[PDB]
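Below is one structure, written out as structure tokens, with a few remarks after it.
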Amino acid sequence: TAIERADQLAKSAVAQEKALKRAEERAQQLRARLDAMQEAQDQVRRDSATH
Amino acid sequence: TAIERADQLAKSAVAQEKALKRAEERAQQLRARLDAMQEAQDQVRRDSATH
Amino acid sequence: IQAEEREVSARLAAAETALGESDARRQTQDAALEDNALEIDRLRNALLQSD
Amino acid sequence: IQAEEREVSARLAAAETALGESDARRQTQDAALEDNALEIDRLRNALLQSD
């Protein structure tokens, strides 16, 4: 019984690892989009200075 | 040995449960920061319109 | 219409997140259920032989 | 922008259908997998006694 539980729990751990990898990749995408947005804000700030 | 290894993987599974939770709140927070800079851009757009 | 676009795009993005997560657990649940089905059959054979 | 709103709402409708279908299928196989766990416990017990 302990071997059965250990095997299924290791499988669950592998699934959890895959889920965190997905979440971290998509959070990285969110961070990159935020960073591009900030750079755009910078350029608009330069435009405002010109005005 | 089976009981020991099963307990170790139980602890690791709990740990990555906590890590997933953490990444979830932090992704929610950084999504809120995207939102905040979104309202910032709305204000700055109407500001450039006025200028 | 711009505001409605923003809110719909956001909540659709959340829906895509949820569907990806649900698809991953579709896979894990179905695979684990198939493994336990194999276990059911093998214990069927074992108990038949023993009895 | 009206057409783009239509497209985004269509993607949202499809996502909301797939999410519901996934959740229902998940509930069915979740109950089935719990029942499978109990039944495997029973077979392990019968193997106990007969062995």
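Chains as they are written, first to last, in the entry's author numbering: chain D, 359 to 409; chain C, 359 to 409; chain B, 104 to 154; chain A, 104 to 154.
Idealized CB from N, CA, C, for every residue including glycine.
Check                                                                                                                         : Outcome
If you draw a straight line from the C-alpha of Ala364/C to the C-alpha of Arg145/B, how long is it?                          : 23 angstroms
Determine the direct distance from the alpha carbon of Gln386/C to that of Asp393/C, and round the result to whole angstroms. : 10 angstroms
If contact means a Cβ-Cβ distance below 9 angstroms, which residues of the region 369-401 of chain D contact chain C?         : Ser370, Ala371, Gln374, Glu375, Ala377, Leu378, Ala381, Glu382, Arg384, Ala385, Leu388, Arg389, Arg391, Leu392, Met395, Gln396, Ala398 and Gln399
Indicate the three-state DSSP secondary structure (helix, strand or coil) for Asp133/A in the structure shown.                : helix
With a threshold of 7 angstroms between beta-carbons, can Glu137/B be considered close to chain A, or not?                    : no
Could you give the DSSP three-state label for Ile104/A: helix, strand or coil?                                                : coil
Give a yes or no on whether 7 angstroms exceeds the smallest Cβ distance from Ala364/D to chain C.                            : yes
Hey, would you say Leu388/D sits closer than 7 angstroms to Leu378/C, going by beta carbons?                                  : no
Looking at the C-beta of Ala407/D, does it have a partner C-beta in chain C at a distance below 7 angstroms?                  : no
I need the straight-line Cα distance from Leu150/A to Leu151/B, nearest angstrom please.                                      : 10 angstroms
So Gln399/D packs on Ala135/B, CB below 8 angstroms; how close in whole Å?                                                    : Not confirmed; about 47 angstroms, so no contact.
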